[PDB]
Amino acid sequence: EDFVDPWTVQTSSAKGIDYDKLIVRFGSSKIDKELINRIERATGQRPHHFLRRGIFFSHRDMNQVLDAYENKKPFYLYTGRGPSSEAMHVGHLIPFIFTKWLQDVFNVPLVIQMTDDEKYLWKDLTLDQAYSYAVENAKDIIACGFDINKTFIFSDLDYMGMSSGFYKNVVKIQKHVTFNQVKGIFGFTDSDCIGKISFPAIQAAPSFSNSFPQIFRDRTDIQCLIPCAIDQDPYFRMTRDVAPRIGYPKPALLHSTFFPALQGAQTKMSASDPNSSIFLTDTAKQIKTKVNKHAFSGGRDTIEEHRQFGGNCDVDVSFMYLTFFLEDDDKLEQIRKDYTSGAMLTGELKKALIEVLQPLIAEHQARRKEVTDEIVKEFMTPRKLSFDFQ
């Protein structure tokens, strides 16, 4: 009942998908209180709200990452973006917001893959468009605050032709994965182009440190941690499988839930449905309108009934959004209590969310405007990142 994969995301329950059942089906492990406390201990920092609230709820070998970090051994962060267009919605920002926190708390180098080739193979795009979207989307990623001296954002199309180690790993991986394997993992068929069939190796490749010689200089032992939306897991479930078969360490994973579509947690927000998403370029006006008109309500139909019986936070999309963006834990709790008791009407809850998203988006736009051509260029230039590994 919780179908999930690299592109599509379906579920049939207003409360969202059953992530506990998904963990089991994926074979990953749940992020428990014990692990959350160990992360706090290891770092000396209070865990990000995404972890406290179960937004990042699943993982693979995080224990290993914590071991390595506790023993002063290095590890690096790796995440990515499919640049399907210049238009990005708030849902896309979840993993990046978290990765930025990860990079600050652990203080480690970050690698961000821009799959312009992926999007070229799958969508009706020109190479220039695809590449252009990677560069434009990179500005939105840089707007999240990543340290220019600790992070390399790269275009597949560009980097493939300027790395003495990337393509090499891509081939090693290509040899250790069959068509049957990828047909079962991603659902490919005989009619798909050969580019799609072999693509997974591209996305698997950045999991190995020697893919970035200008960063790790031939070392093949640095632990890799991949924070991503749960639906990306099949790429790395595959990656973890081949790693050993080719003498490389398995990458660790940190999974996040889906950011809800405006009409209900049954679907994730997707540009493939603009009415379901809030875009990073939406005006203050459009944000208010989308929330007021499209945000599914867990409250009662009439205000009288709402006062009498109170609302249901478990299916209310507006409350769900506050869960992702309202940092103050007490403020959120009060709203939960007041909404549940009917003390707060959905219209007010709605107003509350709007007052949170508008500044968030307006601020992101302000930051994005600050990334100049020279800045994007540097971020996207293979180079050494203030960190010595040898």
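Note that residue numbering follows the sequence shown and begins at 1. So that the term is clear: the rigid core is the largest set of C-alpha atoms that superpose within 1.5 Å between two forms.
Averaged as a root mean square over residues and superposed structures in 5 other deposited structures of this protein, CA distances to the shown form are larger in 85 to 93; the pair compared was 156 to 164 and 85 to 93 with a core fit. Superposing the other copies on the rigid core and comparing 20 to 28 to 374 to 382, farther C-alpha placement in 5 other deposited structures of this protein marks 20 to 28. Judged by mean Cα B factor in the deposited record, 271 to 279 ranks above the other of 271 to 279 and 308 to 316. Stretches 174 to 182 and 144 to 152 differ in mean CA B factor, with 174 to 182 having the higher one. Across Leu102, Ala205, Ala265, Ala138, the greatest Cα temperature factor reported in the deposited entry is at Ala265. Among the modelled residues of its chain, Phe258 has a C-alpha B-factor that falls in the middle third, as given in the PDB entry. The deposited CA B-factor of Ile112 belongs to the lowest third of values across its chain. The deposited CA B-factor of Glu86 belongs to the middle third of values across its chain. The deposited CA B-factor of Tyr321 belongs to the lowest third of values across its chain. Among the modelled residues of the chain, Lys377 sits in the lowest third by CA temperature factor in this PDB entry.
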